[PDB]
Each structure stands twice: as structure tokens, then as C-alpha cells.
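Heads up, the chain below is alone and in the form deposited in one PDB entry; it's given as C-alpha cells.
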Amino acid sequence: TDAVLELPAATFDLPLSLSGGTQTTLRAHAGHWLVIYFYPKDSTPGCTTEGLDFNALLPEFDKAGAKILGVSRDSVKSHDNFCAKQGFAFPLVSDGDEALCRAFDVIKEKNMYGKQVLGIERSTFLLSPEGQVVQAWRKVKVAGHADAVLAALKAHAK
């Protein structure tokens, strides 16, 4: 009923490779809120702006007991370099095979260049403590986004 998106059961058990060399799974986050933001490419202007915006708000996400994960299909090493350069204090998922991206349906197609071109569409999701996707943002406008996600989280968590 409150879900806005249904994920395959297996999604919650996918091993997600993180910056720093460990793995997580969505099921491992049971009991707390989780913000999952998808972005197209490490170390590009919009993606850097977005990551820095979330990073600045971490204490506010902490107040709600929430954790954040950023996701792109860049490698672990790329993610390590991006985190270190920018000072991010939350993890980045290296979704190299786009398994997590496909589960959230963020790989979108555009007819361009006389081709059918597939890519990550900037998108964010709020996952409840019981693993329901209760809010989505797609074709994300970076400016103001992290603030809006925090506000929505607070509204849902209260």
C-alpha cells in the first residue's frame, strides 16, 4: 500500500560493492531509513554538486537515524578517489553491472544520435526501516534536491 515502487525480492540480497572495499545489502539496513541516490558519473559537475549537498546534510540525516548511499556504475577505485577528493562521509555503491540500477528502473533510454541510448537517469529513493520504497524522485534537479529529500524523510519518519 505505501510502496511507490516494487523491487524484486532478490534485490535486497544483492552484494553491493562499496567505496572502501566492503560490501553491503539493502536487507542489512533493516531497522533504519535509507536514502539511495543514483547519479550518472563520478567526478562530474552535477554529480559532485549532488554528493557535496548530501554530505553537508549528514548530521540532519543522522538525527533521523537514516543512512545514505550514492550509486553509479563507476568502479570501486573511482569511488574511492571521488570520496577522498570531496571528503564524502557516506559510502558509494559501485554498481558496475547495473543490477541495483535495473531493480530501481533507473536505466532509461533516449532516441539520440540515430541510436537507442541507455544511461543512468539521476533518481533518488527513500527506503523505510521495513524495506519499502516509499518515495521516489526521477529526472532529478540537483539544485535543492538533498534539502527536499531530507524534508520528505523527516515527514515520513515523524
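If you superpose the two forms and keep the largest set of C-alpha atoms that fall within 1.5 Å, you have the rigid core. When you see a residue number, it is the position in the sequence shown, counting from 1.
Reading the B-factor column for the CA atoms of 49, 111, 123, 55 in the entry, the top value corresponds to 111. Looking at the C-alpha B-factors along this chain, the one for residue 59 belongs to the middle third.
Among the modelled residues of its chain, residue 28 has a C-alpha B-factor that falls in the highest third, as given in the PDB entry.
Among the modelled residues of the chain, residue 94 sits in the lowest third by CA temperature factor in this PDB entry.
Residue-level temperature factors show residue 17 in the middle third of its chain, judged at the C-alpha atom. In the deposited entry, the Cα temperature factor of residue 136 sits in the bottom third of values across the chain's modelled residues.
Missing here is the form deposited in another entry; even so, the following discussion is about that form.
Superposing the rigid core between the shown form and the other one leaves a single residue from 63, 32, 110, 102 with a C-alpha shift of at least 2 Å: 110.
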